$ cat entry-v8.cif   # mmCIF, N, CA and C atoms and all ligand atoms
data_protein
#
loop_
_atom_site.label_atom_id
_atom_site.label_comp_id
_atom_site.auth_asym_id
_atom_site.auth_seq_id
_atom_site.Cartn_x
_atom_site.Cartn_y
_atom_site.Cartn_z
N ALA M 1 0.82 -1.20 0.00
CA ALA M 1 0.00 0.00 0.00
C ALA M 1 0.86 1.26 0.00
N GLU M 2 0.27 2.37 -0.40
CA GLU M 2 0.97 3.64 -0.48
C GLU M 2 1.16 4.19 0.94
N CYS M 3 2.36 4.66 1.25
CA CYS M 3 2.69 5.15 2.59
C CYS M 3 3.18 6.60 2.55
N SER M 4 2.58 7.37 1.64
CA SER M 4 2.91 8.77 1.42
C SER M 4 1.65 9.51 0.97
N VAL M 5 1.55 10.79 1.29
CA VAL M 5 0.47 11.64 0.78
C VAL M 5 1.08 12.99 0.44
N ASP M 6 0.62 13.60 -0.65
CA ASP M 6 1.06 14.95 -0.99
C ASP M 6 -0.07 15.91 -0.65
N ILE M 7 0.20 16.86 0.23
CA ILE M 7 -0.83 17.83 0.58
C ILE M 7 -0.53 19.19 -0.08
N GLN M 8 -1.50 19.63 -0.87
CA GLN M 8 -1.35 20.78 -1.76
C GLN M 8 -2.57 21.68 -1.62
N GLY M 9 -2.45 22.94 -2.04
CA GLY M 9 -3.54 23.87 -1.83
C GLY M 9 -3.86 24.83 -2.95
N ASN M 10 -4.88 25.64 -2.69
CA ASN M 10 -5.38 26.71 -3.55
C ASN M 10 -4.62 28.03 -3.42
N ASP M 11 -4.84 28.90 -4.39
CA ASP M 11 -4.50 30.32 -4.26
C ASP M 11 -5.27 30.95 -3.09
N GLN M 12 -6.38 30.32 -2.71
CA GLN M 12 -7.21 30.81 -1.61
C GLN M 12 -6.89 30.09 -0.30
N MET M 13 -5.76 29.38 -0.29
CA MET M 13 -5.31 28.67 0.91
C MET M 13 -6.28 27.57 1.33
N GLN M 14 -6.90 26.93 0.34
CA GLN M 14 -7.68 25.73 0.58
C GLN M 14 -6.84 24.50 0.24
N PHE M 15 -6.76 23.55 1.16
CA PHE M 15 -5.93 22.37 0.94
C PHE M 15 -6.74 21.15 0.51
N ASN M 16 -6.06 20.19 -0.12
CA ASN M 16 -6.75 19.16 -0.90
C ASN M 16 -7.07 17.85 -0.19
N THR M 17 -6.87 17.78 1.12
CA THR M 17 -7.27 16.56 1.82
C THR M 17 -7.69 16.85 3.25
N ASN M 18 -8.79 16.25 3.68
CA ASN M 18 -9.21 16.44 5.06
C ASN M 18 -9.33 15.10 5.78
N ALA M 19 -8.83 14.05 5.15
CA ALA M 19 -8.86 12.74 5.76
C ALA M 19 -7.72 11.89 5.22
N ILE M 20 -6.88 11.41 6.12
CA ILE M 20 -5.78 10.55 5.74
C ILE M 20 -5.96 9.18 6.37
N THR M 21 -5.79 8.14 5.57
CA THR M 21 -5.83 6.78 6.08
C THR M 21 -4.44 6.18 5.97
N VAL M 22 -3.83 5.86 7.11
CA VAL M 22 -2.53 5.18 7.10
C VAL M 22 -2.76 3.68 7.13
N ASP M 23 -2.30 2.98 6.10
CA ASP M 23 -2.50 1.54 6.06
C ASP M 23 -1.66 0.87 7.14
N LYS M 24 -2.27 -0.08 7.86
CA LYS M 24 -1.63 -0.82 8.96
C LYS M 24 -0.33 -1.52 8.61
N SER M 25 -0.15 -1.83 7.34
CA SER M 25 1.06 -2.53 6.89
C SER M 25 2.21 -1.58 6.60
N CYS M 26 1.93 -0.28 6.57
CA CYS M 26 3.00 0.72 6.48
C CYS M 26 3.89 0.68 7.73
N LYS M 27 5.21 0.72 7.53
CA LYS M 27 6.12 0.81 8.67
C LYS M 27 6.51 2.27 8.93
N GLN M 28 6.57 3.05 7.86
CA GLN M 28 6.74 4.50 7.97
C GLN M 28 5.64 5.14 7.16
N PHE M 29 5.43 6.43 7.38
CA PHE M 29 4.46 7.18 6.59
C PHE M 29 5.01 8.57 6.36
N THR M 30 4.85 9.07 5.13
CA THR M 30 5.38 10.37 4.75
C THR M 30 4.31 11.35 4.31
N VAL M 31 4.37 12.55 4.88
CA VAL M 31 3.49 13.62 4.45
C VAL M 31 4.35 14.68 3.77
N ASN M 32 3.98 15.01 2.54
CA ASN M 32 4.63 16.09 1.82
C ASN M 32 3.69 17.27 1.77
N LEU M 33 4.15 18.40 2.29
CA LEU M 33 3.34 19.62 2.33
C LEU M 33 4.00 20.69 1.49
N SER M 34 3.23 21.39 0.66
CA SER M 34 3.79 22.49 -0.11
C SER M 34 2.87 23.70 -0.02
N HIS M 35 3.46 24.89 -0.07
CA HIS M 35 2.71 26.12 0.17
C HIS M 35 2.22 26.64 -1.17
N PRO M 36 0.91 26.90 -1.29
CA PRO M 36 0.33 27.26 -2.58
C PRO M 36 0.23 28.76 -2.80
N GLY M 37 0.63 29.55 -1.81
CA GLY M 37 0.33 30.96 -1.81
C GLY M 37 1.48 31.88 -2.14
N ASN M 38 1.25 33.17 -1.93
CA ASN M 38 2.21 34.20 -2.27
C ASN M 38 2.83 34.86 -1.05
N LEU M 39 2.32 34.53 0.14
CA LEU M 39 2.78 35.21 1.37
C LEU M 39 3.77 34.36 2.19
N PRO M 40 4.70 35.03 2.88
CA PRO M 40 5.72 34.37 3.70
C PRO M 40 5.17 33.80 5.01
N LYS M 41 5.96 32.96 5.67
CA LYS M 41 5.47 32.15 6.78
C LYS M 41 5.05 32.95 8.00
N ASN M 42 5.51 34.20 8.13
CA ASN M 42 5.11 34.99 9.29
C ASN M 42 3.70 35.55 9.13
N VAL M 43 3.23 35.60 7.90
CA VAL M 43 1.90 36.11 7.58
C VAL M 43 0.92 34.99 7.30
N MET M 44 1.43 33.95 6.64
CA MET M 44 0.59 32.87 6.15
C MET M 44 1.35 31.55 6.29
N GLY M 45 1.90 31.32 7.48
CA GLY M 45 2.65 30.10 7.72
C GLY M 45 1.74 28.89 7.71
N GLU M 46 2.25 27.78 7.19
CA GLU M 46 1.53 26.50 7.15
C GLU M 46 2.40 25.38 7.69
N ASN M 47 1.84 24.56 8.57
CA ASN M 47 2.50 23.30 8.89
C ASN M 47 1.45 22.18 8.96
N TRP M 48 1.94 20.96 9.13
CA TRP M 48 1.09 19.79 9.25
C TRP M 48 1.53 19.14 10.54
N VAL M 49 0.62 19.11 11.50
CA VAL M 49 0.93 18.65 12.85
C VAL M 49 -0.07 17.55 13.21
N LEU M 50 0.45 16.43 13.72
CA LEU M 50 -0.38 15.27 14.04
C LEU M 50 -0.41 15.04 15.55
N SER M 51 -1.61 14.88 16.09
CA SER M 51 -1.80 14.49 17.49
C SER M 51 -3.07 13.66 17.62
N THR M 52 -3.31 13.13 18.81
CA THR M 52 -4.63 12.56 19.07
C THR M 52 -5.66 13.68 19.00
N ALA M 53 -6.90 13.34 18.67
CA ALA M 53 -7.96 14.34 18.65
C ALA M 53 -8.08 14.99 20.03
N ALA M 54 -7.88 14.19 21.07
CA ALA M 54 -7.96 14.67 22.44
C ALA M 54 -6.94 15.76 22.73
N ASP M 55 -5.75 15.62 22.16
CA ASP M 55 -4.65 16.55 22.42
C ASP M 55 -4.63 17.77 21.51
N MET M 56 -5.47 17.81 20.48
CA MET M 56 -5.32 18.84 19.45
C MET M 56 -5.46 20.26 20.01
N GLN M 57 -6.45 20.47 20.87
CA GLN M 57 -6.69 21.80 21.39
C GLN M 57 -5.49 22.32 22.19
N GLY M 58 -4.93 21.47 23.04
CA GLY M 58 -3.77 21.83 23.84
C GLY M 58 -2.55 22.15 22.99
N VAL M 59 -2.31 21.32 21.97
CA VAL M 59 -1.19 21.56 21.08
C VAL M 59 -1.35 22.89 20.35
N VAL M 60 -2.55 23.15 19.84
CA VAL M 60 -2.83 24.40 19.13
C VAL M 60 -2.69 25.63 20.04
N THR M 61 -3.26 25.54 21.24
CA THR M 61 -3.23 26.67 22.16
C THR M 61 -1.81 26.97 22.66
N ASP M 62 -1.09 25.93 23.05
CA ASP M 62 0.28 26.10 23.53
C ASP M 62 1.21 26.51 22.39
N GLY M 63 0.88 26.08 21.18
CA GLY M 63 1.65 26.43 20.01
C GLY M 63 1.54 27.92 19.73
N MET M 64 0.31 28.43 19.78
CA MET M 64 0.11 29.86 19.61
C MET M 64 0.93 30.65 20.63
N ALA M 65 0.94 30.19 21.89
CA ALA M 65 1.66 30.90 22.94
C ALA M 65 3.16 30.87 22.69
N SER M 66 3.63 29.88 21.94
CA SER M 66 5.07 29.72 21.75
C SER M 66 5.62 30.65 20.69
N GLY M 67 4.78 31.03 19.74
CA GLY M 67 5.14 32.05 18.76
C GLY M 67 5.82 31.56 17.49
N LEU M 68 6.12 32.51 16.61
CA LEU M 68 6.64 32.22 15.28
C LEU M 68 8.02 31.58 15.32
N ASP M 69 8.87 32.03 16.23
CA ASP M 69 10.25 31.55 16.30
C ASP M 69 10.32 30.09 16.70
N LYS M 70 9.24 29.58 17.27
CA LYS M 70 9.15 28.16 17.59
C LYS M 70 8.27 27.42 16.58
N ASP M 71 7.98 28.06 15.44
CA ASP M 71 7.08 27.49 14.43
C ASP M 71 5.70 27.18 15.04
N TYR M 72 5.33 27.95 16.06
CA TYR M 72 4.04 27.81 16.73
C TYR M 72 3.77 26.40 17.26
N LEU M 73 4.80 25.81 17.85
CA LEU M 73 4.68 24.58 18.62
C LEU M 73 5.44 24.77 19.91
N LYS M 74 4.83 24.39 21.03
CA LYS M 74 5.53 24.41 22.30
C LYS M 74 6.72 23.46 22.25
N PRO M 75 7.90 23.94 22.67
CA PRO M 75 9.07 23.05 22.63
C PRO M 75 8.88 21.81 23.51
N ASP M 76 9.40 20.67 23.06
CA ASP M 76 9.30 19.41 23.79
C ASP M 76 7.85 18.99 24.03
N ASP M 77 6.96 19.32 23.09
CA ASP M 77 5.56 18.92 23.23
C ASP M 77 5.38 17.45 22.88
N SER M 78 5.35 16.58 23.89
CA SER M 78 5.26 15.15 23.62
C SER M 78 3.87 14.72 23.10
N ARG M 79 2.92 15.66 23.01
CA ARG M 79 1.62 15.36 22.41
C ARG M 79 1.71 15.29 20.89
N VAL M 80 2.75 15.90 20.34
CA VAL M 80 2.91 15.95 18.89
C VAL M 80 3.55 14.66 18.41
N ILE M 81 2.80 13.91 17.61
CA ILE M 81 3.29 12.64 17.11
C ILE M 81 4.27 12.84 15.96
N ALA M 82 3.96 13.79 15.09
CA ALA M 82 4.85 14.13 13.99
C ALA M 82 4.40 15.46 13.41
N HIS M 83 5.28 16.14 12.69
CA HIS M 83 4.91 17.41 12.09
C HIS M 83 5.95 17.88 11.10
N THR M 84 5.53 18.77 10.21
CA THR M 84 6.44 19.47 9.31
C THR M 84 6.89 20.77 9.94
N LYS M 85 7.93 21.36 9.35
CA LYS M 85 8.28 22.76 9.57
C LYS M 85 7.11 23.65 9.19
N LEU M 86 7.08 24.85 9.76
CA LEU M 86 6.19 25.90 9.29
C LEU M 86 6.77 26.45 7.99
N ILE M 87 5.98 26.45 6.92
CA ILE M 87 6.50 26.90 5.63
C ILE M 87 5.72 28.09 5.10
N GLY M 88 6.33 28.85 4.19
CA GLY M 88 5.67 29.99 3.59
C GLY M 88 5.68 29.83 2.08
N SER M 89 5.20 30.84 1.36
CA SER M 89 5.16 30.81 -0.11
C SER M 89 6.44 30.24 -0.73
N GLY M 90 6.28 29.32 -1.67
CA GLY M 90 7.42 28.81 -2.42
C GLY M 90 8.22 27.74 -1.69
N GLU M 91 7.77 27.38 -0.50
CA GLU M 91 8.49 26.40 0.31
C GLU M 91 7.72 25.10 0.40
N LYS M 92 8.42 24.04 0.77
CA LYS M 92 7.80 22.74 0.96
C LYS M 92 8.55 22.05 2.06
N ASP M 93 7.91 21.11 2.72
CA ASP M 93 8.60 20.28 3.69
C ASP M 93 7.98 18.90 3.70
N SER M 94 8.77 17.92 4.14
CA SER M 94 8.27 16.56 4.29
C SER M 94 8.60 16.04 5.67
N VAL M 95 7.70 15.23 6.21
CA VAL M 95 7.97 14.54 7.46
C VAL M 95 7.68 13.06 7.27
N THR M 96 8.58 12.22 7.74
CA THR M 96 8.36 10.78 7.74
C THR M 96 8.35 10.33 9.17
N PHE M 97 7.34 9.55 9.57
CA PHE M 97 7.31 9.08 10.95
C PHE M 97 7.05 7.59 11.05
N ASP M 98 7.28 7.08 12.25
CA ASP M 98 7.15 5.67 12.58
C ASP M 98 5.68 5.32 12.81
N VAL M 99 5.12 4.46 11.96
CA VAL M 99 3.71 4.11 12.07
C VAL M 99 3.42 3.34 13.37
N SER M 100 4.44 2.74 13.97
CA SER M 100 4.22 2.01 15.22
C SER M 100 3.83 2.97 16.36
N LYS M 101 3.91 4.27 16.11
CA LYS M 101 3.47 5.26 17.09
C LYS M 101 1.95 5.44 17.07
N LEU M 102 1.30 4.84 16.09
CA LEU M 102 -0.14 4.96 15.97
C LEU M 102 -0.83 3.69 16.45
N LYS M 103 -2.06 3.85 16.90
CA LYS M 103 -2.88 2.74 17.38
C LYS M 103 -4.16 2.63 16.56
N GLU M 104 -4.48 1.42 16.12
CA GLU M 104 -5.77 1.20 15.47
C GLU M 104 -6.92 1.53 16.45
N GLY M 105 -7.88 2.34 16.01
CA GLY M 105 -8.99 2.71 16.87
C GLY M 105 -8.86 4.05 17.57
N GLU M 106 -7.63 4.49 17.82
CA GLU M 106 -7.45 5.83 18.38
C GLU M 106 -7.83 6.83 17.30
N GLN M 107 -8.31 7.99 17.72
CA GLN M 107 -8.71 9.03 16.78
C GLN M 107 -7.62 10.09 16.70
N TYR M 108 -7.17 10.40 15.48
CA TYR M 108 -6.10 11.37 15.31
C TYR M 108 -6.58 12.57 14.50
N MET M 109 -5.99 13.73 14.78
CA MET M 109 -6.22 14.91 13.96
C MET M 109 -4.89 15.42 13.42
N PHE M 110 -4.90 15.89 12.18
CA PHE M 110 -3.80 16.70 11.69
C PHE M 110 -4.34 18.11 11.51
N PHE M 111 -3.47 19.09 11.70
CA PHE M 111 -3.90 20.49 11.69
C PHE M 111 -2.70 21.40 11.52
N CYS M 112 -2.98 22.67 11.20
CA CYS M 112 -1.98 23.72 11.16
C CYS M 112 -2.03 24.51 12.46
N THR M 113 -0.87 24.79 13.05
CA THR M 113 -0.89 25.54 14.30
C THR M 113 -0.59 27.04 14.12
N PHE M 114 -0.54 27.53 12.88
CA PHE M 114 -0.42 28.98 12.71
C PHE M 114 -1.66 29.60 13.37
N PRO M 115 -1.49 30.70 14.13
CA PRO M 115 -2.65 31.18 14.91
C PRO M 115 -3.92 31.34 14.08
N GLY M 116 -5.01 30.75 14.57
CA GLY M 116 -6.30 30.87 13.93
C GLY M 116 -6.59 29.89 12.81
N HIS M 117 -5.56 29.22 12.28
CA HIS M 117 -5.74 28.39 11.09
C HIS M 117 -6.46 27.05 11.35
N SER M 118 -6.38 26.53 12.57
CA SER M 118 -6.76 25.12 12.79
C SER M 118 -8.26 24.85 12.57
N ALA M 119 -9.11 25.86 12.75
CA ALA M 119 -10.53 25.70 12.45
C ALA M 119 -10.76 25.44 10.96
N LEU M 120 -9.80 25.83 10.13
CA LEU M 120 -9.91 25.65 8.68
C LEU M 120 -8.94 24.57 8.17
N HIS M 121 -7.70 24.64 8.62
CA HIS M 121 -6.66 23.73 8.14
C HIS M 121 -6.57 22.55 9.10
N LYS M 122 -7.40 21.54 8.88
CA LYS M 122 -7.41 20.37 9.77
C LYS M 122 -8.03 19.18 9.04
N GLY M 123 -7.81 17.99 9.58
CA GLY M 123 -8.40 16.80 9.02
C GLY M 123 -8.20 15.63 9.95
N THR M 124 -8.79 14.49 9.61
CA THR M 124 -8.64 13.31 10.44
C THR M 124 -7.55 12.41 9.89
N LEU M 125 -6.96 11.62 10.78
CA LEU M 125 -6.02 10.60 10.36
C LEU M 125 -6.36 9.32 11.09
N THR M 126 -6.36 8.22 10.34
CA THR M 126 -6.78 6.93 10.86
C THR M 126 -5.79 5.85 10.46
N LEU M 127 -5.45 4.97 11.39
CA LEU M 127 -4.67 3.77 11.06
C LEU M 127 -5.62 2.60 10.81
N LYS M 128 -5.59 2.04 9.61
CA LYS M 128 -6.59 1.03 9.27
C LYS M 128 -6.01 -0.09 8.39
CU CU M 201 -2.31 27.12 8.28
CU CU M 202 9.04 19.46 16.30
#

$ encode --input "entry-v8.cif" --output "structure tokens" --more "lines below"
Ligand SMILES: [Cu+2]
Ligand SMILES: [Cu+2]
Amino acid sequence: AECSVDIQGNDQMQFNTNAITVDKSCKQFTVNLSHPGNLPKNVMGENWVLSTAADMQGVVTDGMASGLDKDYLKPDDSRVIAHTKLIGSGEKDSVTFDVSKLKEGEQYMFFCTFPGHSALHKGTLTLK
């Protein structure tokens, strides 16, 4: 099975997937994120951050408090299962993580932690 996804977006900052299924037979999984816009990361930063659905609010809130210089993630946040760098126009990043960190049946969310974005830039992730 495929163990990679490419996440891409609009000129209007709309992204092309809101649900990711990680196949159980994957040993690693890769997310490729690319920025579709014209603005730099301090104005329109994008990242892809994975946590349990339960942890998403805490990660987002603490990330906002941490600020741009920390890519809007609290340092040493063990709630974060995997994530990309915060990227801006013309940039891309990839993250590969260990699928053994996921549990079948647990509910996961991926989201952007740039302030205010997570209500729009988010989706589910499932190990199946
Ligand atoms: Cu965003
Ligand atoms: Cu990190």

$ closest_residue --input "entry-v8.cif" --among "M:99, M:68, M:54, M:44" --to "residue M:28" --atoms "only N, CA and C atoms"
M:99

$ residues_near_point --input "entry-v8.cif" --point "(6.7, 26.5, 6.2)" --cutoff "8 Å" --atoms "only N, CA and C atoms" --output "list in words"
residues 33, 34, 35, 40, 41, 44, 45, 46, 47, 48, 84, 85, 86, 87, 88, 89, 91, 92 and 93 of chain M

$ closest_residue --input "entry-v8.cif" --among "M:36, M:115, M:123, M:75" --to "ligand CU 202 (chain M)" --atoms "only N, CA and C atoms and all ligand atoms"
M:75

$ residues_near_ligand --input "entry-v8.cif" --ligand "ligand CU 202 (chain M)" --cutoff "10 Å" --atoms "only C-alpha atoms and all ligand atoms" --output "JSON, numbers by chain"
{"M": [49, 70, 71, 72, 73, 74, 75, 76, 77, 78, 80, 81, 82, 83, 84, 85, 86]}

$ atom_distance --input "entry-v8.cif" --atom1 "atom CA of residue M:111" --atom2 "atom N of residue M:98"
17.5 Å

$ select_by_dssp --input "entry-v8.cif" --residues "stretch 51-109 of chain M" --states "helix (DSSP H, G or I)" --output "list in words"
residues 56, 57, 58, 59, 60, 61, 62, 63, 64, 65, 66, 68, 69, 70, 99, 100 and 101 of chain M

$ residues_around --input "entry-v8.cif" --residues "residue M:127" --least-positions-apart "4" --cutoff "12 Å" --atoms "only C-alpha atoms" --output "list in words"
residues 3, 19, 20, 21, 22, 23, 24, 25, 26, 27, 28, 29, 52, 99, 100, 101, 102, 103, 104, 105, 106, 107, 108 and 109 of chain M

$ select_by_dssp --input "entry-v8.cif" --residues "stretch 11-80 of chain M" --states "strand (DSSP E)" --output "list in words"
residues 19, 20, 21, 22, 28, 29, 30, 31, 32, 33, 34, 49, 50, 51 and 52 of chain M

$ closest_residue --input "entry-v8.cif" --among "M:94, M:118, M:14, M:126" --to "ligand CU 201 (chain M)" --atoms "all atoms listed in the file"
M:118

$ closest_residue --input "entry-v8.cif" --among "M:30, M:96, M:59, M:13" --to "ligand CU 201 (chain M)" --atoms "only C-alpha atoms and all ligand atoms"
M:13

$ atom_distance --input "entry-v8.cif" --atom1 "atom CA of residue M:51" --atom2 "atom CA of residue M:16"
19.6 Å

$ closest_residue --input "entry-v8.cif" --among "M:65, M:95, M:31, M:39" --to "ligand CU 201 (chain M)" --atoms "only C-alpha atoms and all ligand atoms"
M:39

$ closest_residue --input "entry-v8.cif" --among "M:113, M:66, M:42, M:10" --to "ligand CU 201 (chain M)" --atoms "all atoms listed in the file"
M:113

$ atom_distance --input "entry-v8.cif" --atom1 "atom N of residue M:9" --atom2 "atom N of residue M:79"
26.6 Å
